[PDB]
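Peer 1: these are from a larger complex, still in place; more later:
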Amino acid sequence: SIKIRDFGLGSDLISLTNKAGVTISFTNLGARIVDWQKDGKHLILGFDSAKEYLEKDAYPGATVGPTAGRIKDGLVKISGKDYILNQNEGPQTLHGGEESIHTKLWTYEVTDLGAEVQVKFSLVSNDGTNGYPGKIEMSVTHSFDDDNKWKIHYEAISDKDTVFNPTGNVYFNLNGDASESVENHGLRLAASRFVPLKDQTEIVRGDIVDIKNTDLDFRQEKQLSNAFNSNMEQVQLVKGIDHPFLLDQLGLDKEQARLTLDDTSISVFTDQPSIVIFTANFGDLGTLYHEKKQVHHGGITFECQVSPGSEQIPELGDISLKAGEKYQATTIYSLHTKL
């Protein structure tokens, strides 16, 4: 079933219930996922109205871009030329700059295919918006099916050479309550290397490091508390995890990561080369979700994209988008329940 309702400030909340009784909901404010629940438990973090996102934290569950992550000094080179993007975190451009696409109301259309329902959100980033060349016509389609698969497919076309590497910013918490750390979840992740951060500014350090046999090696399932209790300087630096992991084998058919808590597990599939993992290292901030005060480590992301820092480490990839070329990306989060 599909239900559309007012979510506040003119935004809509679109809720989809599949044959299994699982409910997932989105909002056009930021082409974002708001909730995902089973047997009455939330599996992700989210708010109860549009105002909350705007007042508390506008990133959770949203589509972030045009470039996801931090860009050192807000600088990118396009066709050999230097362009300075909007700087909103000190001199860095984080998540596309201030007032970016996650804070805009996108238009959308719903398509019911029966076993699957799609919600296609669209937005135009005008040429020059926050320093980025354009215009870029973007669309993000979130879909949910009867097999409990939530898929995000992105597409974009630019009138001029530009940069483009968006991501989805859902935070999972299988405890179903923000006041509870995810340290009890088990994580598996098909990555043997990671990108260390330079310092507290969180820009990349410059190198690529092998994590095999370290506290960050999750090639074999392991509980998060391990990483959390590690003394690796990278863990200590951010007080948790806030880093890009390089996937060993690329392709949409491979389960790249798996998050498990008891009988409930989430599998991640993507066609992107990296997953940025951030464990809500918010200290005592205590943001409130559903009346529950969030705890440090009260959530975890799987941001699939090209690793941030390619401006300094080209080996990471190239986020250039040439005029007239069509950008495509796909990420899937699959829900499973043991029986």
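Peer 2: Sure, I can see it. Residues are numbered from 1 along each chain as shown, chains lettered A, B, ... in the order given.
Peer 1: count of residues packed around the closest residue to residue A:134 other than its chain neighbours?
Peer 2: Nearest residue to residue A:134, sequence neighbours excluded (Cβ to Cβ, 6 or more residues apart in numbering): residue A:127, at 3.9 Å. Any C-beta I mention is one placed from the backbone N, CA and C, and that applies to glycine too. Neighbourhood size, residue A:127 [other Cβ atoms under 10 Å]: 14.
Peer 1: same question, residue A:254
Peer 2: For residue A:254, the tally of surrounding residues (other Cβ under 10 Å) stands at 13.
Peer 1: Let me see the contact set for it.
Peer 2: Residue A:254 makes contacts with A:190, A:269, as judged by Cβ atoms under 8 Å, 6 or more residues apart in numbering.
Peer 1: circling back: these two touch, right, the residue nearest to residue A:134 and residue A:161?
Peer 2: No. Applying Cβ atoms under 8 Å, one finds residue A:127 not in contact with residue A:161, separated by 11.4 Å.
Peer 1: Find the residues that touch each one of those two.
Peer 2: Common contacts of residue A:127 and residue A:161, defined by Cβ under 8 Å, 6+ apart, comprise residue A:133.
Peer 1: Return the distance of stretch A:29-49 from the chain's centre.
Peer 2: In terms of Cα atoms, centre = their mean, to the nearest Å, the centre of stretch A:29-49 is set 14 Å apart from its chain centre.
Peer 1: let me fix that: stretch A:303-312
Peer 2: In this view, stretch A:303-312 has its centroid 12 Å away from the chain centroid, taken as Cα atoms, centre = their mean.
Peer 1: For residue A:83, list each beta-bridge partner.
Peer 2: Beta bridges link residue A:83 to residue A:76, judged by DSSP bridges.
Peer 1: In contact with it: list those residues for me.
Peer 2: A:75, A:76, A:77, A:131, A:132, A:133.
Peer 1: try residue A:107
Peer 2: Contacts for residue A:107 (Cβ under 8 Å, 6+ apart) come out as A:28, A:121, A:122, A:123.
Peer 1: correct me, but the first one touches residue A:110?
Peer 2: So that's residue A:28. No. Contact criterion Cβ under 8 Å: residue A:28 and residue A:110 do not qualify, at 10.9 Å.
Peer 1: of these two, who's got more company?
Peer 2: For residue A:28 versus residue A:110, neighbours defined as other Cβ under 10 Å are more numerous around residue A:28 (22 against 12).
Peer 1: what number of residues lie near residue A:112?
Peer 2: Residue A:112 has 11 neighbours, counted by other Cβ under 10 Å.
Peer 1: Please apply the same query to the one 10 residues further on.
Peer 2: When neighbours are defined as other Cβ under 10 Å, residue A:122 has 16 of them.
Peer 1: any idea which element it lies in?
Peer 2: Using DSSP states H and E, residue A:122 maps to strand A:116-125.
Peer 1: Please spell out which residues along that strand are buried.
Peer 2: Neighbour-count burial for strand A:116-125, with 16 or more other Cβ atoms under 10 Å as criterion, is recorded at A:116, A:117, A:118, A:119, A:120, A:121, A:122, A:123, A:125.
Peer 1: so can I have JSON lines of those showing distance to residue A:65?
Peer 2: As requested, those are exported to JSON lines (distance: Cβ to Cβ, whole Å):
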{"residue": "A:116", "distance to residue A:65": "25"}
{"residue": "A:117", "distance to residue A:65": "24"}
{"residue": "A:118", "distance to residue A:65": "20"}
{"residue": "A:119", "distance to residue A:65": "18"}
{"residue": "A:120", "distance to residue A:65": "16"}
{"residue": "A:121", "distance to residue A:65": "12"}
{"residue": "A:122", "distance to residue A:65": "13"}
{"residue": "A:123", "distance to residue A:65": "10"}
{"residue": "A:125", "distance to residue A:65": "8"}
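Peer 1: Which element, helix or strand, includes the residue nearest to residue A:148 when sequence neighbours are not counted?
Peer 2: Spatial nearest neighbour of residue A:148, excluding adjacent residues (Cβ to Cβ, 6+ apart): residue A:335 at 4.1 Å. Element membership of residue A:335, judged by DSSP H and E, is strand A:326-337.
Peer 1: Another chain to add, chain B:
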Amino acid sequence: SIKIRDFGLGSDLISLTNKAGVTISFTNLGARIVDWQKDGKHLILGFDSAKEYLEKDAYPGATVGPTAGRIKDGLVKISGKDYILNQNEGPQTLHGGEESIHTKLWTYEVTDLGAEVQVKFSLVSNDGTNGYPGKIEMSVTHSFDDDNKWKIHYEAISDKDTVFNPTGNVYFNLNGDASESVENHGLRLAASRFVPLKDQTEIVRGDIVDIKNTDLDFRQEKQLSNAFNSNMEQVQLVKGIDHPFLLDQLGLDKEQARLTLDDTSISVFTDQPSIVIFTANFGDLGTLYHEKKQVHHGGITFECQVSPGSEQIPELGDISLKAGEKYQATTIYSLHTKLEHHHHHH
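Peer 2: Okay, here's chain B dropped in alongside the others:
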């Protein structure tokens, strides 16, 4: 009463009915007016869904900007610096460039004051959008009261020195049918001068001309047919009117324009110095409005703003906006019945 429902594509339709039974409606797609009816008759042009605006003509009834009108070659001078804006009509920048504010979904909040209801729409134009320095935090409040006044209040603040001069693009047609020409309406307009256009590109010619006693003189009420039938160079140039008229006396207190048909009148008040009048000179295009093919001259706008061309005719004004300075503008359209005797035949 206030009612809200989906209008299509994620936009909503906000419908207000005042105590006199007059209803008016808006959409957050472009902070725009959709309809205004009295006794089951449409007083303005509009479509029945959001998609129609996007597929037929996205300007009607919209808030347009950041700069309304045409800027020659897209070039503006901001604090000694030259900036080139998005050019979407040949080398011209028309109504803020392509995919401008009229095409975005604005957020909104409704405030019920009893005798008055306000719908405040908000949007942020990011710095660099379409070449404009910003960011610019904008708000447009549309309000309707028990006295039949529809008021538009604009506010804006920029982080950077920029330019700002938006307007409202409503089109009236008191026939209530787009397929009926407005040449049968009577027009009174308190303006003695106008700004001629250079040519078909529609940029300003460079001079200001006195129109007293010509077919464009509406200081004293006359039927629109007088202008439409005129062979004056400017009218032939655009096949109707599409020009800025300079108000003779400024201030929100004065009735600057009055549009009448039979027993109904619309009066125009504004704090702006000019009114751009465009009479839907679309020829045979025939866009469908409520299944009626629109006729050439099937509509008339009263875009109140600083006249276009100040880039070339400094005397027209200055639309610059300094960083941190609060922009404000107010325009009001009021509806009356039996304000005067208007009984003609066409």
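Peer 1: The contacts of residue A:107 with chain B there, same question as before?
Peer 2: Shown in contact with residue A:107 (Cβ atoms under 8 Å, 6 or more residues apart in numbering or on different chains): A:28, A:121, A:122, A:123, B:9, B:10, B:11, B:29, B:105.
Peer 1: Farthest-apart pair in those residues, please.
Peer 2: Spatial extent of these (Cβ to Cβ) is set by the pair A:121 and B:29 at 14.6 Å.
Peer 1: Run through the residues of chain A sitting next to chain B.
Peer 2: A:4, A:6, A:9-12, A:28-29, A:50, A:86, A:97-100, A:103-109, A:124, A:126-132, A:135 (Cβ under 8 Å from any Cβ of the partner chain).
Peer 1: Narrow those to those in strands?
Peer 2: Under the assignment DSSP state E, these contribute A:4, A:6, A:11, A:12, A:107, A:108, A:109, A:124 to strands.
Peer 1: The last one: what's it in contact with?
Peer 2: Residue A:124 makes contact with A:134, A:135, A:136, A:137, A:138, B:99, B:103 under the criterion Cβ under 8 Å, 6+ apart.
Peer 1: try 10 Å this time
Peer 2: Contacts for residue A:124 (Cβ atoms under 10 Å, 6 or more residues apart in numbering or on different chains) come out as A:104, A:106-107, A:134-138, B:98-100, B:103-104.
Peer 1: Please work out which residue of the stretch 201-339 of chain A is closest to chain B.
Peer 2: residue A:323 (15.3 Å; Cβ to the nearest Cβ).
Peer 1: okay, now that residue: neighbour count?
Peer 2: For residue A:323, the count of nearby residues is 13 (other Cβ atoms under 10 Å in any protein chain shown).
Peer 1: Name the SS class of it, please.
Peer 2: coil (DSSP: H, G, I helix; E, B strand; the rest coil).
Peer 1: does it really touch residue A:164, like I thought?
Peer 2: No. Residue A:323 sits out of contact with residue A:164 when judged by Cβ atoms under 10 Å, with a separation of 11.6 Å.
Peer 1: Spell out which residues are contacts of both of these two.
Peer 2: Here residue A:323 and residue A:164 share the contacting residues A:134, A:157, A:158, scored by Cβ under 10 Å, 6+ apart.
Peer 1: Neighbour-wise, which one of these leads?
Peer 2: Within those, residue A:134 tops the neighbour count with 29 neighbours, counted by other Cβ under 10 Å.
Peer 1: Could you tell me which residues make contact with that one?
Peer 2: By Cβ under 10 Å, 6+ apart, the contact set of residue A:134 is A:66, A:124-128, A:156-160, A:162, A:164, A:321, A:323, B:86, B:98-99, B:128-130.
Peer 1: hmm, 7 Å instead?
Peer 2: By Cβ atoms under 7 Å, 6 or more residues apart in numbering or on different chains, residue A:134 lies in contact with A:125, A:126, A:127, A:128, A:158, A:159, A:160, A:162.
Peer 1: can you count the residues close to residue A:9?
Peer 2: Other residues lying near residue A:9 total 18 when counted by other Cβ under 10 Å.
Peer 1: next one: residue A:259
Peer 2: The local packing of residue A:259 (other Cβ under 10 Å) involves 24 other residues.
Peer 1: partners of it in the sheet?
Peer 2: The bridge-partner assignment for residue A:259, based on DSSP bridges, gives residue A:187, residue A:266.
Peer 1: Would you mind confirming that it is in contact with residue A:188?
Peer 2: No. Counting by Cβ atoms under 7 Å, residue A:259 stays clear of residue A:188, with 8.1 Å between them.
Peer 1: ok, the residue nearest to the spatial centre of chain A - contacts?
Peer 2: Geometric centre of chain A, nearest residue: residue A:169, 2.6 Å, by Cα atoms, centre = their mean. By Cβ under 7 Å, 6+ apart, the contact list for residue A:169 reads A:59, A:60, A:61, A:62, A:64, A:301, A:303.
Peer 1: Which ones among these lie within strands?
Peer 2: In strands, defined here by DSSP E, the members of these are A:64, A:301, A:303.
Peer 1: Spatially nearest residue to the second one (excluding sequence neighbours)?
Peer 2: Nearest in space to residue A:301, with sequence neighbours left out and distances taken as Cβ to Cβ, 6 or more residues apart in numbering or on different chains, is residue A:278 at 4.7 Å.
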